[PDB]
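> Just dropping this structure here.
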Amino acid sequence: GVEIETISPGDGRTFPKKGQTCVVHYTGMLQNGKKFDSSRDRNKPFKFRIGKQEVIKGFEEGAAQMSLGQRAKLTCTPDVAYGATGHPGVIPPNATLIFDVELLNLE
């Protein structure tokens, strides 16, 4: 269950499709926890395409429901990303994830 809470500005029409490589200034946040990931710290804003199961299931649906310039607020459920296993040392089992996502892309 991907729950979108968009901070408004953008265009609201430039929607992601297949065969489109896009750019996200994401920032990881643990619910009842601290940060764990930030593309803003590395200044290399994570160029990636859509559909090839690169990213987790929660980030995949939330990015497709956005448009250019928008700023959403993800709440990824445990069963779509890591809640069975958990990424070793970084993500505990049965964890619910928070993301600051801004789509500043091409295509």
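Letters for chains follow the order of the structure tokens (A, B, ...), residue numbers begin at 1 for each chain, and ligand numbers begin at 1 in the order shown.
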Env of residue 30 in chain A: 9 Å cut, atoms = only C-alpha atoms, seq-sep filter 2 positions within chain, self excluded. Answer as a PDB file with C-alpha atoms, in the first residue's frame.


```pdb
ATOM      1  CA  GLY A  28      15.872   7.585   3.324  1.00  0.00           C
ATOM      2  CA  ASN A  32      10.720   5.803  14.634  1.00  0.00           C
ATOM      3  CA  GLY A  33      14.357   5.899  13.616  1.00  0.00           C
ATOM      4  CA  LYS A  34      17.067   7.964  12.002  1.00  0.00           C
ATOM      5  CA  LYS A  35      18.266   8.404   8.432  1.00  0.00           C
ATOM      6  CA  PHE A  36      19.809   5.531   6.525  1.00  0.00           C
ATOM      7  CA  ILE A  91      17.111  -2.470   7.527  1.00  0.00           C
ATOM      8  CA  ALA A  95      10.293  -2.310   9.058  1.00  0.00           C
ATOM      9  CA  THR A  96       8.202   0.499   7.585  1.00  0.00           C
ATOM     10  CA  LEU A  97      10.062   3.029   5.478  1.00  0.00           C
ATOM     11  CA  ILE A  98       9.795   6.794   4.977  1.00  0.00           C
ATOM     12  CA  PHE A  99      11.074   8.617   1.895  1.00  0.00           C
TER      13      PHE A  99
END
```

> Report as a ChimeraX atom specification all protein, DNA and RNA residues lying within 7 Å of residue 73 in chain A, evaluated on only C-alpha atoms, omitting residues in the same chain fewer than 4 positions from it.

/A:4-6,99-101

> Would you return as a PyMOL selection string the members of chain A that DSSP assigns to strand (DSSP E) on this structure's backbone?

chain A and resi 21-23+27-30+47-49+71-76+97-102

> Using only C-alpha atoms, which of the listed residues (A:72, A:56, A:22, A:63) sits closest to residue 8 in chain A?

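The answer is A:72, which sits nearest to residue 8 in chain A.
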
> Write out as a compact mmCIF listing (two decimals) with N, CA and C atoms, in the first residue's frame the residues lying within 7 Å of residue 20 in chain A, counting only C-alpha atoms and excluding same-chain residues fewer than 3 positions away.


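Writing the result to part.txt gives the following:
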```txt
# COMPACT_ATOMS: atom_id res chain seq x y z
N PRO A 16 5.42 9.27 -15.41
CA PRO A 16 6.40 8.26 -15.82
C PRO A 16 5.75 7.11 -16.56
N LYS A 17 6.42 6.65 -17.61
CA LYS A 17 5.98 5.51 -18.40
C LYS A 17 7.13 4.52 -18.55
N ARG A 49 15.98 3.70 -14.55
CA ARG A 49 14.86 3.48 -15.45
C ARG A 49 13.70 2.82 -14.71
N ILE A 50 12.59 2.65 -15.42
CA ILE A 50 11.33 2.21 -14.82
C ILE A 50 10.96 0.84 -15.36
N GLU A 107 12.97 12.41 -19.81
CA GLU A 107 12.14 11.36 -20.43
C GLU A 107 10.77 11.19 -19.76
```

> Looking at only C-alpha atoms, which of A:3, A:37, A:104, A:15 is the one that sits closest to residue 64 in chain A?

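Once distances to residue 64 in chain A are computed over only C-alpha atoms, the minimum belongs to A:15.
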
> Can you tell me which residues surround residue 78 in chain A at a distance of at most 10 Å, considering only C-alpha atoms, apart from same-chain residues fewer than 3 positions away, and format the answer as a PyMOL selection string?

chain A and resi 1+58+75+81-86+93-97
